[PDB]
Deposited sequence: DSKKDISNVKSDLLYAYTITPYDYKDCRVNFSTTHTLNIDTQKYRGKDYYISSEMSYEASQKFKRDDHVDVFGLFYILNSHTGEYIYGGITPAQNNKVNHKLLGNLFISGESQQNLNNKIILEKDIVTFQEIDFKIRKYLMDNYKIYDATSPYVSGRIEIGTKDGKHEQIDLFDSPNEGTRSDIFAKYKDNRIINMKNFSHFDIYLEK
């Protein structure tokens, strides 16, 4: 909550970030609370990504399971270790570019195709939300609030609150929603609708 004041700001601070896009890495060790990934061959000798996942998440991401990584961080320098929430999918093999179909609805009237391509057949919401949010051009954070609605082919829209920040809104507070490591196979991805309310 904490009305749109300090929200459209601690947001510009959170989502004006460079995401770790390390593709093809391996499970080095999984714990009931995390997943440790080999960032060497991207970072350097001794480097690792540390996904602090939910219990339901740790499950089957064990050693030598080459993974594709994409997430945001919540702090720096512990020198040879990087921290994010979720953002972990089986390693993509074949090269692909998935152009996404979508619409923007801003209240005044209001009637984005091919304007946000994805390159994984199994994508997390963290990557999808972040990419789209990035797109919003409309420099958001006259809009008091909004949300994204990802529609799957089997009618089961997903919601994402564009304007929020669990108090003390650190990147660690807002990105926690990416702890369940939720993902979507593109085959069951149809389109996305962005609703902005002024």
Next on the checklist: No C-alpha coordinates means not modelled. Give me those stretches of the deposited sequence in order.
Outcome noted: 1-2, 114-115, 141-142, 148-151
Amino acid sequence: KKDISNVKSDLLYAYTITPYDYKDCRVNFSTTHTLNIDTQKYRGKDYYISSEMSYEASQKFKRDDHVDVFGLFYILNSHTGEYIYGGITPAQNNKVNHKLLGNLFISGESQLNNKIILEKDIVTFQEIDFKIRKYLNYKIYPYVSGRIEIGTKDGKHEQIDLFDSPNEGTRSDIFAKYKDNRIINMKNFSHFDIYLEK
From here on, numbers count along this sequence of modelled residues.
Checklist entry - Taking the recorded C-alpha temperature factors, which stretch has the higher mean, 6-14 or 184-192? => result 6-14
Item to check | Mean C-alpha temperature factor, higher of 59-67 and 35-43 | outcome: 59-67
Checklist outcome for this item: For 100, 122, 75, 88, the deposited C-alpha B-factor is largest at 75
Item to check | Ranked C-alpha temperature factor of residue 93 among modelled chain residues, by third | outcome: middle
Next on the checklist: Based on the deposited C-alpha B factors for this chain, I'd like to know if residue 152 is in the lowest, middle or highest third.
Outcome noted: lowest
Next on the checklist: Considering every modelled residue of the chain and its Cα B-factor in the PDB entry, is residue 112 in the lowest, middle or highest third?
Outcome noted: lowest
Checklist outcome for this item: Tertile call for residue 27 (CA temperature factor, within chain, third-based) is the highest
Checklist outcome for this item: residue 173: CA temperature factor from the record, placed by chain third, in the middle
